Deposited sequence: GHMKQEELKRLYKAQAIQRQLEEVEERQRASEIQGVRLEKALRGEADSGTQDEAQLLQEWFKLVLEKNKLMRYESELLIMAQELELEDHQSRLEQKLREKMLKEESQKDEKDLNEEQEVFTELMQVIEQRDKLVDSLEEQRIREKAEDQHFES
């Protein structure tokens, strides 16, 4: 019995099927590229087909990289959920009652939780760091 960790695994499953659909368009796209190189030898019909292929290849490249992050995001969101729960259980005790080994691992979960949240933020930032160069690339 689960709760809106259900939303997490459905989204995960969706992203993996989206990665698989991209790795097949990537194989398809690269099979065409070798076809048009040999057709290099009107040629306007094939010159614009290879033009479309360049854009298409670049889109799948940008899209794969983003999907891979979205999958790391949900794995971190799941780890955060487990750490947060673990920490709360250790906080149910009153601090007089916890001996020194409690505080050490209670401290440890809290820092691990803060570190999981930091990598969530590093992924958010990296999404912009790659969004900022994509408009430097789309300036053409």
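* Asked: Which residue ranges of the deposited sequence are not present in the modelled coordinates?
  -> Going by the record, the segments left unmodelled (no C-alpha atoms) fall at 1-2, 44-51, 151-153.
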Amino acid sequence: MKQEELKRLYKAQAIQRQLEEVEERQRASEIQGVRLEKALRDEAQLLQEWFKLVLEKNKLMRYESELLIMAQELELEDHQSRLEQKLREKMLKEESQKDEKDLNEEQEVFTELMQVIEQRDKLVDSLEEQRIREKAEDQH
From here on, numbers count along this sequence of modelled residues.
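* Unmodelled in at least a third of other entries of this protein, residue 41 -> It is, since residue 41 is left out of at least a third of the other entries that model both flanking stretches.
* To do: Identify the stretch, either 88-96 or 28-36, whose C-alpha atoms have the larger mean B-factor according to the entry.
  => Higher of the two, by average CA B-factor, is 88-96.
* To do: Mind pulling up the entry and telling me whether 67-75 or 45-53 has the higher mean Cα temperature factor?
  => Stretch with the greater average CA B-factor: 45-53.
* Asked: What third of the chain, by the recorded C-alpha B-factor, contains residue 132?
  -> Top third by C-alpha B-factor.
* In terms of the CA temperature factor given in the entry, to which third of its chain does residue 82 belong: lowest, middle or highest? -> CA B-factor rank for residue 82: lowest third.
* Would you please rank residue 111 by its C-alpha temperature factor against the other modelled residues of its chain and give the third it falls in: lowest, middle or highest? => Ranked within chain, residue 111 CA B lands in the lowest tercile.
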